[PDB]
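Here's a solo chain for you in structure tokens, the form deposited in one PDB entry.
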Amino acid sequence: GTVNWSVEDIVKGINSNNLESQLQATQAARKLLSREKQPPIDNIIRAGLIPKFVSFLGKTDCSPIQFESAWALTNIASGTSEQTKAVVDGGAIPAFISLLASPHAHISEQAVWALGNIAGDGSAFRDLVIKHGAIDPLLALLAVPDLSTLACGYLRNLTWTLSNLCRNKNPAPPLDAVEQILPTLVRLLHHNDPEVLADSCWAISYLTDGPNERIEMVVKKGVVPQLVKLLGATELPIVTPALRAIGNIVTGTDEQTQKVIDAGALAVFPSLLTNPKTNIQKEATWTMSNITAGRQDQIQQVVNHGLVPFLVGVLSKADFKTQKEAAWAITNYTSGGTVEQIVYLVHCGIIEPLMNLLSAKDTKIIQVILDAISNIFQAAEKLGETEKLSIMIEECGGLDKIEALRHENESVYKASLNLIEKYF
């Protein structure tokens, strides 16, 4: 009976002084905004219904109109920043935070979902949700001995809504709010459900994308081992965020990078660097480039896990983006490595696939590959084997490539002839 109503009819019912008539129009509004295609969000906003829906959130004696109003307002906030702003401008945020204490779980869950859409718009509405005090009652819903006693969808919505209060930068989430949520976010990272685990890895990915002090807050909570275990999940939905967070922790200090290597992450990279998903390969090759930029003992740990042959293979065959992250991992390694390590890279077969990428267009990769050729030729000078390296490059067809490196970029043809003249 509340199916395919007109907006004028929903307006006539909500404009009535009958809460039961207002409930049937608020349910007809939810049904139109829950339709699979072209939800009429703008027509409902132009009708002036958000204010009446926000007052219906306060109707404790009509739990049905509160649920229907929360669903309708959740779907308007699901749309454009403009549509989410019309919900926040109706006074919705305080009203959704009261509904978090609803004895009805279906109404409390819709208030969680709504808040998630408001905070997901951006940092300003994320920070206004946090200012209106949403965190304490969100975290109170998860204050249970066993998260397994809560409904799957309820925990999945609460975990996605907490993820959105940990998301967006400029500004980044408030440090006090991040330290109030992390303890509960860690409990959800140890949960059995895969959607809760995926949205909990994304939240740690958002909190790790930032200055080293933000990375430290998370690494002090002891999550790196659980993130390294979720990096080995068979579910790409959990591996994609677990890798981003491990990758964002190796942007920090060599001591933070050393917690990842200590948790055993280098043992999963053989499969992440051979991953059928191009994003996982590229993201994992980028994580390897920030590990090769660290200490010589950390570069030796990469060598011990057998990852150099795997980086020679991403350089041999992979999406050019992954191959550019591999050139960067080889130049960082050849920059901070010992000579014993640089000669191991040439023994693993780095010369041919590195040189074959000098026939590419990007000047950035050409400047990176020629910066690694010099570092290797400098290690060869310290061993008196530059001639052998020159002959090896000549046979792979590299001197020919560097000879052609007649280029627009100066540093390119400058370094090219700095190497052609000095070693060839």
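In this text, residue numbers run from 1 along the sequence as written.
Just so it is clear, the following notes concern the form solved in complex with a partner chain, a form of the same protein that is not shown.
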Subject >> Triplet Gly210, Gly252 and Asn332 all within 4.5 Å of its partner chain in the entry with it bound via a heavy atom >> reply: yes
Original post:
Among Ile351, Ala318, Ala293, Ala177, which has at least one heavy atom within 4.5 Å of its partner chain in the entry with it bound?
Top reply: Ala293
**OP:** Could you work out which of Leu227, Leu185, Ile215, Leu273 is the residue within 4.5 angstroms of its partner chain in the entry with it bound, going by heavy atoms?
**Re:** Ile215
Subject >> in the entry with it bound, segment of 92-100, 262-270, 135-143, 279-287 with a heavy atom within 4.5 Å of its partner chain >> reply: 279-287
